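Chemist: Here it is, the structure, as structure tokens.
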Amino acid sequence: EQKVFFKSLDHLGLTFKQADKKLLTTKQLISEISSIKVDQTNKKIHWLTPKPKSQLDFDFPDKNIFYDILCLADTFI
DNA sequence: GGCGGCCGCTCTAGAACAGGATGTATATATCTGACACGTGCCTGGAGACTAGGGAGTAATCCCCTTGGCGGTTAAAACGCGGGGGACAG
């Protein structure tokens with residue numbers, strides 16, 4: 001049970017090995033950005049003619065994270 | 001007065017049933033011929049010993065089969081039409 005219980009508690013993590021392969025592809029990200037684009041456009045068509053130019057934004061509060069993927073990258077090299 | 005319907009009568013046949021037929025199942029009588037016991041060996045395995053070598057086990061290693069995915073087009077499966085053949089006769 002020391003190896004059974006914690007693996008049983010992981011639900012999305014067991015399928016993460018295949019979900020990350022299937023979902024972090026080019027066409028999936030194209031679909032997920034075009035969905036937000038058409039949502040913004042028809043929501044503004046319903047509401048107001050000007051459209052915002054900002055969608056799917058990320059915040060970067062920590063500067064050492066770039067250093068971390070740099071370390072992972074030249075470890076993989 | 002004629003004719004269809006109904007019921008009784010005789011004819012015919014399927015089939016259960018009993019008797020004869022002939023090749024085996026048994027009940028002794030007796031032969032008989034290998035069966036197993038006894039005897040006499042004697043020839044091969046067991047106690048004991050010498051020596052050694054191939055596997056039991058440990059370690060490594062690298063290898064290769066199992067799980068585990070999407071993808072995609074070959075194909076299993078469901079179903080309709082029908083068609084020629086398995087089988088009863």
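A note on labels: chains of the structure tokens are A, B, ... as shown, every chain counts residues from 1, and ligands are counted from 1 in their shown order.
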Would you please give, as a VMD selection string, all residues of chain A that DSSP assigns to helix (DSSP H, G or I) based on the backbone?
Modeler: chain A and resid 5 to 9 16 to 23 26 to 47 64 to 76
Chemist: With N, CA and C atoms retained, write the just-selected residues as a CSV table (one decimal), in the first residue's frame.
Modeler:
```csv
chain,number,residue,atom,x,y,z
A,5,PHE,N,-1.2,3.4,-2.6
A,5,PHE,CA,-2.1,4.4,-2.1
A,5,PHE,C,-1.8,5.8,-2.8
A,6,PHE,N,-0.6,6.2,-2.9
A,6,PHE,CA,-0.3,7.5,-3.5
A,6,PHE,C,-0.5,7.5,-5.0
A,7,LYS,N,-0.2,6.3,-5.7
A,7,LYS,CA,-0.6,6.2,-7.1
A,7,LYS,C,-2.1,6.2,-7.3
A,8,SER,N,-2.9,5.7,-6.3
A,8,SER,CA,-4.3,5.7,-6.4
A,8,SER,C,-4.8,7.2,-6.2
A,9,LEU,N,-4.2,8.0,-5.3
A,9,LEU,CA,-4.6,9.3,-5.1
A,9,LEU,C,-4.4,10.2,-6.4
A,16,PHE,N,-1.5,11.9,-17.1
A,16,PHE,CA,-0.7,13.1,-17.6
A,16,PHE,C,0.4,12.8,-18.6
A,17,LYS,N,0.9,11.6,-18.5
A,17,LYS,CA,2.0,11.1,-19.4
A,17,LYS,C,1.5,11.1,-20.9
A,18,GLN,N,0.2,10.8,-21.1
A,18,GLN,CA,-0.4,10.8,-22.4
A,18,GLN,C,-1.1,12.1,-22.7
A,19,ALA,N,-1.7,12.8,-21.7
A,19,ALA,CA,-2.4,14.0,-21.9
A,19,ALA,C,-1.5,15.1,-22.3
A,20,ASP,N,-0.3,15.2,-21.7
A,20,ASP,CA,0.7,16.2,-22.0
A,20,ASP,C,1.2,16.0,-23.5
A,21,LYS,N,1.3,14.7,-23.9
A,21,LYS,CA,1.7,14.4,-25.3
A,21,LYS,C,0.7,14.8,-26.3
A,22,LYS,N,-0.6,14.5,-26.0
A,22,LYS,CA,-1.7,14.8,-26.9
A,22,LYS,C,-2.1,16.2,-26.9
A,23,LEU,N,-2.0,16.9,-25.8
A,23,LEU,CA,-2.5,18.3,-25.7
A,23,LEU,C,-1.6,19.4,-25.9
A,26,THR,N,0.7,21.5,-31.7
A,26,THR,CA,0.5,22.7,-32.5
A,26,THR,C,-1.0,22.9,-32.7
A,27,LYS,N,-1.7,21.9,-33.2
A,27,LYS,CA,-3.1,22.1,-33.6
A,27,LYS,C,-4.0,22.4,-32.4
A,28,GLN,N,-3.7,21.8,-31.2
A,28,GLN,CA,-4.5,22.0,-30.0
A,28,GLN,C,-4.3,23.4,-29.5
A,29,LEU,N,-3.1,24.0,-29.6
A,29,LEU,CA,-2.9,25.4,-29.1
A,29,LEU,C,-3.5,26.3,-30.2
A,30,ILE,N,-3.5,26.0,-31.5
A,30,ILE,CA,-4.1,26.8,-32.5
A,30,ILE,C,-5.6,26.8,-32.2
A,31,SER,N,-6.2,25.7,-31.9
A,31,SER,CA,-7.7,25.6,-31.6
A,31,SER,C,-8.0,26.4,-30.3
A,32,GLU,N,-7.1,26.3,-29.3
A,32,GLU,CA,-7.4,27.0,-28.0
A,32,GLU,C,-7.2,28.5,-28.1
A,33,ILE,N,-6.4,29.0,-29.0
A,33,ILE,CA,-6.3,30.4,-29.2
A,33,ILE,C,-7.4,31.0,-30.2
A,34,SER,N,-7.7,30.2,-31.2
A,34,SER,CA,-8.8,30.6,-32.1
A,34,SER,C,-10.2,30.6,-31.3
A,35,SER,N,-10.3,29.7,-30.4
A,35,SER,CA,-11.6,29.7,-29.6
A,35,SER,C,-11.7,31.0,-28.8
A,36,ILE,N,-10.6,31.5,-28.2
A,36,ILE,CA,-10.6,32.7,-27.4
A,36,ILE,C,-10.8,33.9,-28.4
A,37,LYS,N,-10.2,33.8,-29.6
A,37,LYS,CA,-10.4,34.9,-30.6
A,37,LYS,C,-11.9,35.0,-31.0
A,38,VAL,N,-12.5,33.9,-31.4
A,38,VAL,CA,-13.9,34.0,-31.8
A,38,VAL,C,-14.8,34.3,-30.7
A,39,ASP,N,-14.5,33.9,-29.4
A,39,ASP,CA,-15.3,34.3,-28.3
A,39,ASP,C,-15.2,35.8,-28.0
A,40,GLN,N,-14.0,36.4,-28.1
A,40,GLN,CA,-13.9,37.9,-28.0
A,40,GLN,C,-14.6,38.6,-29.1
A,41,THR,N,-14.5,38.1,-30.3
A,41,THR,CA,-15.2,38.8,-31.5
A,41,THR,C,-16.7,38.8,-31.4
A,42,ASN,N,-17.3,37.6,-31.1
A,42,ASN,CA,-18.7,37.6,-31.1
A,42,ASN,C,-19.3,38.2,-29.8
A,43,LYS,N,-18.5,38.1,-28.7
A,43,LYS,CA,-19.0,38.8,-27.5
A,43,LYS,C,-19.0,40.3,-27.7
A,44,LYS,N,-18.0,40.8,-28.4
A,44,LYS,CA,-18.0,42.3,-28.7
A,44,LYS,C,-19.1,42.6,-29.8
A,45,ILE,N,-19.3,41.7,-30.7
A,45,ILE,CA,-20.4,41.9,-31.7
A,45,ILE,C,-21.7,42.0,-31.0
A,46,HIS,N,-21.9,41.2,-30.0
A,46,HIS,CA,-23.1,41.3,-29.1
A,46,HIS,C,-23.1,42.6,-28.3
A,47,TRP,N,-21.9,43.0,-27.8
A,47,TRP,CA,-21.9,44.1,-26.9
A,47,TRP,C,-21.4,45.4,-27.5
A,64,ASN,N,14.1,34.0,-11.7
A,64,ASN,CA,14.9,32.8,-11.7
A,64,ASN,C,14.3,31.7,-12.4
A,65,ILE,N,13.0,31.8,-12.8
A,65,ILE,CA,12.4,30.7,-13.5
A,65,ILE,C,13.0,30.5,-14.9
A,66,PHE,N,13.2,31.6,-15.6
A,66,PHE,CA,13.9,31.6,-16.9
A,66,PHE,C,15.3,30.9,-16.7
A,67,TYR,N,15.9,31.1,-15.6
A,67,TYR,CA,17.2,30.5,-15.3
A,67,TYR,C,17.0,29.0,-15.1
A,68,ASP,N,15.8,28.6,-14.6
A,68,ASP,CA,15.6,27.2,-14.4
A,68,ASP,C,15.3,26.4,-15.7
A,69,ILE,N,14.5,27.0,-16.6
A,69,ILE,CA,14.4,26.3,-17.9
A,69,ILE,C,15.7,26.4,-18.7
A,70,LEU,N,16.5,27.5,-18.5
A,70,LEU,CA,17.8,27.5,-19.1
A,70,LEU,C,18.7,26.3,-18.6
A,71,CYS,N,18.7,26.1,-17.3
A,71,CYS,CA,19.4,24.9,-16.7
A,71,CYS,C,18.9,23.6,-17.3
A,72,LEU,N,17.6,23.4,-17.3
A,72,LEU,CA,17.0,22.2,-17.9
A,72,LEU,C,17.4,22.1,-19.4
A,73,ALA,N,17.4,23.2,-20.1
A,73,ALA,CA,17.7,23.1,-21.5
A,73,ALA,C,19.1,22.7,-21.8
A,74,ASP,N,20.1,23.3,-21.1
A,74,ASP,CA,21.5,22.9,-21.4
A,74,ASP,C,21.9,21.7,-20.6
A,75,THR,N,21.0,21.2,-19.7
A,75,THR,CA,21.2,19.8,-19.3
A,75,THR,C,20.7,18.8,-20.3
A,76,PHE,N,19.6,19.2,-21.1
A,76,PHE,CA,19.1,18.3,-22.1
A,76,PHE,C,20.0,18.3,-23.3
```
Chemist: Residues of chain B no more than 9 Å from chain A, counting only C-alpha atoms (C1' of nucleotides): send them over as a PyMOL selection string.
Modeler: chain B and resi 68-70
Chemist: Residues of the last selection are to be written out with N, CA and C atoms (P, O5', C5', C4', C3', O3' and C1' of nucleotides), as a PDB file, in the first residue's frame.
Modeler:
```pdb
ATOM      1  P    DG B  68      -0.882   0.051 -18.744  1.00  0.00           P
ATOM      2  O5'  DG B  68      -0.769   1.273 -19.767  1.00  0.00           O
ATOM      3  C5'  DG B  68       0.455   1.995 -19.888  1.00  0.00           C
ATOM      4  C4'  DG B  68       0.391   2.934 -21.076  1.00  0.00           C
ATOM      5  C3'  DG B  68      -0.982   2.996 -21.753  1.00  0.00           C
ATOM      6  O3'  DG B  68      -1.511   4.311 -21.684  1.00  0.00           O
ATOM      7  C1'  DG B  68       0.772   2.838 -23.346  1.00  0.00           C
ATOM      8  P    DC B  69      -3.089   4.544 -21.878  1.00  0.00           P
ATOM      9  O5'  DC B  69      -3.279   4.566 -23.466  1.00  0.00           O
ATOM     10  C5'  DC B  69      -3.502   5.796 -24.138  1.00  0.00           C
ATOM     11  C4'  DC B  69      -2.197   6.414 -24.615  1.00  0.00           C
ATOM     12  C3'  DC B  69      -2.321   7.213 -25.897  1.00  0.00           C
ATOM     13  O3'  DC B  69      -2.562   8.577 -25.584  1.00  0.00           O
ATOM     14  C1'  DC B  69      -0.341   5.809 -25.898  1.00  0.00           C
ATOM     15  P    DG B  70      -3.946   9.270 -26.010  1.00  0.00           P
ATOM     16  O5'  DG B  70      -4.069   8.939 -27.569  1.00  0.00           O
ATOM     17  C5'  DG B  70      -4.766   9.823 -28.433  1.00  0.00           C
ATOM     18  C4'  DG B  70      -3.836  10.362 -29.503  1.00  0.00           C
ATOM     19  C3'  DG B  70      -4.428  10.409 -30.902  1.00  0.00           C
ATOM     20  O3'  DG B  70      -3.701  11.347 -31.691  1.00  0.00           O
ATOM     21  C1'  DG B  70      -2.733   8.825 -30.877  1.00  0.00           C
TER      22       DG B  70
END
```
